[PDB]
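My questions will all concern the structure given below.
Order of writing sets the chain letters: A, B, C, D, E, F, G, H and I. Residues in each chain are counted from 1.
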Amino acid sequence: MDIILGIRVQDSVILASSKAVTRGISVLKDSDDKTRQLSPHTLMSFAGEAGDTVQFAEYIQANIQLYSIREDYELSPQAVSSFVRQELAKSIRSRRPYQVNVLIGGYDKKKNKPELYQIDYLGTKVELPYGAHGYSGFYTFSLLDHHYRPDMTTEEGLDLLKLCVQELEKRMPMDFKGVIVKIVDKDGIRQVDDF
Amino acid sequence: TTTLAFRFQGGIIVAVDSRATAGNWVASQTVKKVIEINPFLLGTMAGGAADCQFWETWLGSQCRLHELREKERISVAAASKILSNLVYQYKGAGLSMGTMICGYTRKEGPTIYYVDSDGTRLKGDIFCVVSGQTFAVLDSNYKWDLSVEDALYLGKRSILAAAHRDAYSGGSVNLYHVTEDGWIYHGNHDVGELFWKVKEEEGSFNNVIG
Amino acid sequence: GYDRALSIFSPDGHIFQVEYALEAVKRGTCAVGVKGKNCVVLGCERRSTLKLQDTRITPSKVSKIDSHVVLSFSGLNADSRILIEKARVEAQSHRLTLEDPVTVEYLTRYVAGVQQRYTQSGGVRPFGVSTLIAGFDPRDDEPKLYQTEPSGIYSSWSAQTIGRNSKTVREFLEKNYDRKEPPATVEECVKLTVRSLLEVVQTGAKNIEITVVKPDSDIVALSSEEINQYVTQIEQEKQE
Amino acid sequence: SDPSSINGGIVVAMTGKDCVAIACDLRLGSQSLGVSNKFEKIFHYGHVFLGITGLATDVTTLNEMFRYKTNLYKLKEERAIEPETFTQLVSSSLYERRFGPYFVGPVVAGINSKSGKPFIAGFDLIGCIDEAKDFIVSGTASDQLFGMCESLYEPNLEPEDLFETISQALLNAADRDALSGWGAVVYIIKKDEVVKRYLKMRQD
Amino acid sequence: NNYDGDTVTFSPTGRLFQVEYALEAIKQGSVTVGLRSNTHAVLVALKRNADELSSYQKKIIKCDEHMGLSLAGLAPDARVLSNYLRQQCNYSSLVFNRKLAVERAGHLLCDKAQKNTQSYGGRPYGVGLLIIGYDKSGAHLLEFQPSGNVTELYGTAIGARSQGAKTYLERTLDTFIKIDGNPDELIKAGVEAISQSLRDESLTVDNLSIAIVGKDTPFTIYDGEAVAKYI
Amino acid sequence: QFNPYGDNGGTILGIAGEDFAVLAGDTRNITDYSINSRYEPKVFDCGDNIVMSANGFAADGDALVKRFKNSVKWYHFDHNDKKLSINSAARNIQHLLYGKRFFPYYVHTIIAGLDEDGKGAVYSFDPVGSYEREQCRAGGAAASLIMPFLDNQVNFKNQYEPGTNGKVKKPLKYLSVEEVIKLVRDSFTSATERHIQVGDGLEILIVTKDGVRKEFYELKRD
Amino acid sequence: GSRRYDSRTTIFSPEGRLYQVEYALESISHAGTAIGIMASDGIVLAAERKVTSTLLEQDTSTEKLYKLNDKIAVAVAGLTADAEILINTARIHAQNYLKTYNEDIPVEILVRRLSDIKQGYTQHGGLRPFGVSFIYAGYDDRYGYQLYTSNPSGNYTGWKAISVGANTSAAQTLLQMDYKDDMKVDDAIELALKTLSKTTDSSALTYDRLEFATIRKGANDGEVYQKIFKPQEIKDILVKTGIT
Amino acid sequence: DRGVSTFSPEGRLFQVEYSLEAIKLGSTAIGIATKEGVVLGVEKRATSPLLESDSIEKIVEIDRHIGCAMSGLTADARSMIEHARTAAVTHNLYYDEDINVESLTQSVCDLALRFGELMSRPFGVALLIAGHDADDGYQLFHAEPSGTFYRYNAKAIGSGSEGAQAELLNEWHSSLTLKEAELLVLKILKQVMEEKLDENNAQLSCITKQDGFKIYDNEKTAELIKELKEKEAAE
Amino acid sequence: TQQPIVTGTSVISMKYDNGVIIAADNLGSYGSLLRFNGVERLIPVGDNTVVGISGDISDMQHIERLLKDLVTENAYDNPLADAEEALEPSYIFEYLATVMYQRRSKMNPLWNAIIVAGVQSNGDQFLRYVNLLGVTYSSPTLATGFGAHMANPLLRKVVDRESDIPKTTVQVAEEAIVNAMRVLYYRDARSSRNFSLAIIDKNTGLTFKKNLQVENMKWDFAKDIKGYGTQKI
């Protein structure tokens, strides 16, 4: 199964996403990036049913990029998360629902605060210091409950994230071929090459 | 069914078997599992034979319309996404398709996209489908700096490896070399004759007597 | 539904509703496009009959269609919004399906296609709008400037103007714009665009808007003071 | 599998002397896994309070829907909606999805601004109204809440006494339900003041 | 005058001017002749060129193996009505294993044309058709007017100067009806008939279009050096 | 529940010669263990020197052949009586079959004729319109009994040159129409002995530049 | 058929004008004057009710000033019934935006949507346009205090001060003369009433002929309050500013 | 007013006859069919010297074997070209072959009379459709907004048509070479054009069996213009 | 999709030298209950065609109305309705075959097996079968349901191939049919003694025989059968 983790530290939001794409017993890819830049200060990670995940993520990207051009303004992460939730809440009662789970990490330039939103395929949304989707939540959550401090620096958050991944690599039956880590802060979105 | 596509210095190698089975019955040993979409784009047949043929012939039609309207060769990214978007409309209806969309453009270089009936679209350096399993066969002798002659052999040898072990793979190997100026057919090789020659010349398949 | 054929042929082979749409464009404030060697500049007239205007919030005359393409227009402001909305949707739709932003020529061809459709569809009148569409194709440094009109015809221009007194500013551009050597720098191109509007505008105060589009999605609107410096330098050279 | 017990959580409402109380737990889960301890299930539109238990996506959707509808009501009526009228709107809204319902147990609490009469109501997922004088219970520990309320409740309790009763009814009911707890909120509602209290409780 | 603005308006004398104007488009059209015996039915059509560089507009359309027509007036309208006959012939074959009777084909063309004369927004068909066929009751010739009036005839002509050919056939009636089991002689009579409608121009090899259907003859069109025999 | 499909048995055989093609079928029509007819033709002249058979569910087979024959008639109308080439016919039949992808024609389709170079052509289709050009294809009940024999006696598979000990394959010779018809007749005689759905009669349509001609041979009626 | 009786409400004149838009604007010129003035610390909406009666119930009467949400109000000039159709549409769009994004609709987005509806009636459908001009007074946290106008054409523009309805030529000159950028709400209130008092076709300006509203951050701390003035409150501000 | 589909007392459709007047105001387009190929030439007629003339597209590819020149309200042609390309590709998909030039032309002409109270008016543009198929070789067709299409050995449309057609009447013979046809189109364009013909205000194209449809480079056309000038000065 | 409720059993038929014979019993069965006895399942169309129908009787009554409507429709604007443009057996069959296949293709069949017996204009015998699946076939003998299993074997002993048809007289053909109806009465638990028989002859036209009974039955041997093995009384 796929790992998508998010931790919101003092001044940023970090998203860790498993690189593995597996269909049945064969591993299709080991370098997959389960992320879409919605806006310059908003990143969305996604895990779920094949096809649905990328189709949903790209559709949200197109809609947020359209809104950006039309108003020459960046929607707040809260606004982007509410839009994404409503799209998912529509799809559950649709003919064929999107089986996609998302983490939305964004930096709010007005409030100068990082925000992390967890939304499941039903349109269940919560704002948390840290979150995860799937089996990974069970393993990781208890570790983050102990170590997490709200005034943590980006480097401390990466260390805590690094600890989580090592633990998951040991206890998980699946090989998820490592994670890609992206940081969302006031300066924007960047990928951590070293992990 | 065994279909192989990989990227190298000299472009893309595409290697497929030619066996079609209904249950234990061998319906054909002369199936063409490479679909010539147009002179620069190749598709591989896996899952439904009709689904792959029909929608990849349709893709060639859509690709031709794109070139008339925009007066430019369609990118592999764009060609692959037309097919992936179409099968996604039909998702849950029972389309069966696992295909590698292969092309070489100046913009992109050699590009392979794996396109799925489930709506999966993945860009990769190497894709193999063996009888209901797909992945990034032997993987031991593959390096980017490989000759066109050597790369053709590796694809041919890789299909031979699967054809021997897998009941639903066999007949012949069909070879294609994909370049920026288009694809080149590298012929039909009977697996029966290939096996004996490979065995003798390589020394391999010691377990088999001949 | 209302199906009435409003755009029809007259005995002399004219479509009056399309020609009367061009008259709406003639009444519109002047818009000018000038492409340099490594830039395109869009100049727009703001009629000074309206003061007490809030310039922060008032719809600007130049609209971004994507990060790399801009659209200015002459004619019915309300009509222009429908073409801008459709163009912005199509720009995102193209990125989503082709995995590449629209070429300037493609976006022009789409807008022009919409304008044409409204000249032989029942129960609709043509757009009272002509557009200047400028920008740079993805990963290309060659400047692009296109014009569309109500009929739906479009074409590429070294420089072009539309709207009221466009005849005068086209006269200016035709004698002042050299094809062999276009405005080499941003300065030269902006200067020539401001000069072309000063033939028609009246006061060089808040009546001239200038938007500079450079390669790789580099689009910036000049302020009042920045334009005022061009207006000052032009007339000081003229006093001779 | 059962939509009304995936996320878990409870709401209880009680009437007192010239006052009403409405209370909820703060847990949101994915079955056995607790996800959030800050998922409040009580909303207010003017002076009318709505608690919603059940599928969390529907709790959020119905809150957004009733905010929408009470905002338009106010603009047109030029006055805040009353508990009795809102109860009918909740019922109407739920029954229009008769054959594709929201998986929720809504609870209305509030005091009529004109009559001053304390009002509570509950609903099944398709909008059938329970207009009890005493108390309304909803959620995964509704049996436990019925038990607690039926013994603890007496009529015409003063606001500060009613607070203790509803608090002890919620806390002890939640502690006998796996999918409820992780904190609790109690609203004490009087004609022109509302006090909101977060309760200390076991976090397992 | 005031009553010719659309097909839905009767004149004070009970005329339909739009239908009469449609009828006028046929008169402007190039001449085409129809005539039959008891064994065969023949179409002869004078094709019209735009200029000396241009081709000669095709006049005869095959509807089935046993039926086809010649057109005079708006060619695109003939294409619509012929397509409709092809479909009705095809429906009869597929559903009932039955070749459509020429008389029933006439009834269908009448009813399709009529609907365009009683409804607002539409216009009458601007073409006349001569339908020939061989069915279970032998050889047939029909004349279609876009008024909806369809008439079974031994012979007729429509288009410019058609009156000349029509008078000739009216004289020859007793002769050409008896040309049984001789296709060449029946065509000769048709070519001699259409010759009465020529002025200045004469029948050349790319000018003349002939069709024939009969007892043991599928509907076949003759153009080019295939009609040189009859010039 | 109502089952919209049935099995009418029957076996068909298409072979492509150098300058000819044959499409053969048994004339027996069955349901379960009953014989419906001992002579119900299954191979049809469709015009333009094309012969067709859609073996399996006879209702779906009749419908497809009817639709294809109609497709030829309309191709003539729409394209100035242009002859429909066997390759164009094959692509057309794919679209007819794939049209009912989610409620298929329960048939195995074979067409035979000449290509545009005048060489023998056979095209084989799955129920949903997957198709391939082939030199040999048997379809229907006794296909598994016939194809191994044809592999051996047409392509000379597993046959080598005596005294070379399997170093030289038996060389492929161009088969005459007379030798192909012998192999067809022997294929159906063998199939009739070992398959209960095969028998009664054999109808062979032979396609050459001269046109389509018909040969009929009796099979055992048990 | 029916074509005979079609006025063709969506065609250009030979000069490239929209007949029905131009005639709708003529209609609006006879409507009671509405004035909007934007200050640094709030907005003023002032509007004249058209020749009223002594028996009209003023305290329950609304023909000029309407609430769209808690942050945005409109002043109406033209057919009141036509305005109410558009107002209800605007109220629904505001709530749709709030439901979707969980944020109050920015003023311009609401104004653009209503303007786009008006535009549609001028380009398709063969229906008459809405005989309505709106002054939009609103606040959002992007642009702060904003004044807009829209007219039957579906064109909209931003303003520091603007008038619609009767005697806009005279009203705009008077506003352009006395308006300054550093002006405050209390000053803007005085300007608006003084302008109506001079432009009015009535003998004198009284409380029973006016509708008045202010959007102020004069709401306790970091929030915005809409105040639709009561008949007695309009009478007080008329005495305060020294017009009665 | 009056119906869009109304017949005149002469038995002609008003709107069709009026659209033919719009086409007369169009820039000139000339086609010449030979046994070596079909040549298509157009007057570009730029409205200003600042208009980049290479952006004027009045010669268009429909398929590899079918080219198309237009005259009149050229914007109206875009949906006709779209339909023609779709028809050509759709037929190849269904039948694994090239579509006949006549069948493609017939498909375009089926749109023409689909107007009433379907589109609100006829097309205000005429098309010269040139192509090759195996059955009827090299072909040139004139597609009108009446829905009628004529085959032509040579045809001119637009403002200079009746003058150009009279010239084509004298010049065309069955033995013309492709090179002779090219010079002949350039000659007749130069005669009927207001401005002086050069490689920037006129455009050539051809369809051959071997190479298919090709729009000529300005450099290639410039050499044929220089060849024309010399051969006219040669007597 | 439905299930048949009131049902008719075997329709049997064969070609002879000059025409065709078709027969069917008069029963309408309601499961094991033999509810209706006066049900006519041979429906003549003009004087040249008889349509024999088995299976669902409600669907048969629908098809009966379609054929009655077909005769009315054919007579519209048809001066030769009683001559050259009269309904042929081949026309009536192709129509029913079209309807049957369309109805099965909408997954809502007419729950019937139909045999169309008649003589064409040129005097050719017509005999063809169609059922709820739209499956069609022709043979010198045709039968539905039990008839296929028991009638065909007996009728095929008279006409085993096409070349036997000219050698088969109407007396021999009728005898074979009447015997086959007796065998079906012995052995089909859904048959009745009472049946209708129709002869369509190219010379003597349509002869329709109602209220026919199975006769010359053998039962006497039953008296000698005692117990199921060992019993002697």
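One rule holds for everything that comes next: a contact is a pair of C-beta atoms (placed from the backbone, for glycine too) under 8 Å apart; a residue touches a chain by one contact, two chains touch by 3 or more.
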Keeping to the contact definition above, tell me which chains border both chain B and chain I.
F
Does A-C or C-H have the larger number of C-beta pairs in contact?
C-H
Chain centres computed over CA atoms; the one at greatest distance from chain G is chain I
When the C-alpha atoms of chain B and chain C are each averaged to a single point, how far apart are the two points in Å?
49
Hey, how far is the Cα centre of chain B from the one of chain F, in Å?
30
Please work out the Cα centroid separation of chain C and chain E, and write it as a whole number of Å.
57
Which positions in chain C are in touch with at least two other chains?
4, 6
Out of chain I, which residues touch more than one other chain, so two or more?
none
Hunt down the residues of chain G that sit against at least two other chains at once, touch-wise.
3, 99, 102, 108
Quick check on the complex: what are the chain A residues that touch chain G?
71, 73, 75-76, 78-79, 82-83, 86, 110
Which of the residues in chain A end up touching chain C in this complex?
58-59, 62-63, 65-66, 69-70, 72
Can you name the residues of chain F that touch chain B in the complex?
94, 97-98, 101-102, 124, 126, 128-132, 134, 144
So in the complex, the part of chain H that touches chain C is made up of which residues?
4, 15, 18-25, 48-52, 54-56, 73-76, 78-79, 115-124
Residue ranges of chain A touching chain D (in the complex, touch as defined)
85, 88-89, 92-93, 118, 120, 122-128, 131, 137-138, 141
